[PDB]
Amino acid sequence: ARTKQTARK
Amino acid sequence: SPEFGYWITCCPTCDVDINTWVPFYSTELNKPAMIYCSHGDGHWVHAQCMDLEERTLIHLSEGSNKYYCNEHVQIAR
Ligand SMILES: [Zn+2]
Ligand SMILES: [Zn+2]
């Protein structure tokens, strides 16, 4: 699913 | 558009507010995590407002599975 702000920092 | 789209009222019980929001998920810093609901023409919702645990959200983000928000998840497809 498309998401936002789910990338690890 | 950097923040446009993030500060919407995603559902009737949406708790995300530009005037009160704070990070919840480990992947958040200054903006709420969001996930696309594939119902109808589709729409964006805040993951926290869906009571999605972090691993569930991350797994969804790492795959091709479509997501349906709590309001539309029970609708005949
Ligand atoms: Zn919301
Ligand atoms: Zn939906």
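Residues numbered from 1 in each chain as written, not as in the entry; some residues may be left out. Chains lettered and ligands numbered in written order. Heavy atoms only, no water. Residues with missing side-chain atoms left out of burial classes, pairs and counts.

Method of determination for the deposited model, per the PDB record: X-ray crystallography, at 1.8 Å resolution.

Let us look at the UniProt feature "binding site: Zn(2+) 1" in chain B. Residues and elements named next belong to chain B. This chain's UniProt record puts "binding site: Zn(2+) 1" on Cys10, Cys14, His46 and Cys49. With the annotated positions falling across 40 residues, the maximum pairwise C-alpha distance of 7.9 Å places them together in a single cluster. Note that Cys14 resides in the segment before β1 (34-37). Residue classification places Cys14 among the buried residues on the basis of a relative accessible area of 18%. Once residues lying within four places of it in the same chain are set aside, the contact partners of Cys14 are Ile8, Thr9, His46 and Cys49. Judged by its relative accessible area of 11%, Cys49 is buried. Look past the residues within four positions of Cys49 in its chain and what remains in contact with it is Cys10, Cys11, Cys14, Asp15 and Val16. (UniProt positions renumbered as here; feature names shortened; annotations may be inferred. Helix = DSSP H or I, 4+ residues; strand = E, 2+ residues; numbered from the N terminus. Buried < 20%, exposed > 50% of the residue type's maximum accessible area, 1.4 Å probe, protein only. Contact = heavy atoms within 4.5 Å.)

This part is about the coordination of the zinc ion (ligand 2). Residues and elements named next belong to chain B. Around the zinc ion (ligand 2), the donor atoms from the protein are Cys37 (SG), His43 (NE2), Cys69 (SG) and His72 (ND1), and they sit 2.0 to 2.3 Å away. Its 4 donor atoms give the zinc ion (ligand 2) angles of 100 to 122 degrees at the centre, a pattern that matches the tetrahedral case. Counting gaps between the donor residues of the zinc ion (ligand 2) yields the pattern C-x5-H-x25-C-x2-H. Here the residue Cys37 occupies a position in strand β1, and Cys69 occupies one in the segment after α1 (54-61), the gap between them amounting to 32 residues. (Donors = N, O, S within 2.8 Å, 3.2 Å for Na, K, Ca; no water. Tetrahedral: all angles 85-135°; square planar, octahedral: opposite > 155°, others 65-115°.)

Residues and elements named next belong to chain B. One pass over the structure, following the stated rule, counts 2 salt bridges over all chains. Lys31 is paired through a salt bridge with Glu3; the nearest N and O atoms lie 3.3 Å apart. Taken together, the positions of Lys31 in the segment before β1 and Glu3 in the segment before β1 put the pair 28 residues apart, joining distant regions of the chain. Note on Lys31: relative accessible area 19%, which makes it buried. Its relative accessible area of 32% is what places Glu3 among the partly exposed residues. The shortest N-O distance in the salt bridge between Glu53 and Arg55 comes to 4.0 Å. (Salt bridge = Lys/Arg side-chain N within 4 Å of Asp/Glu carboxyl O.)

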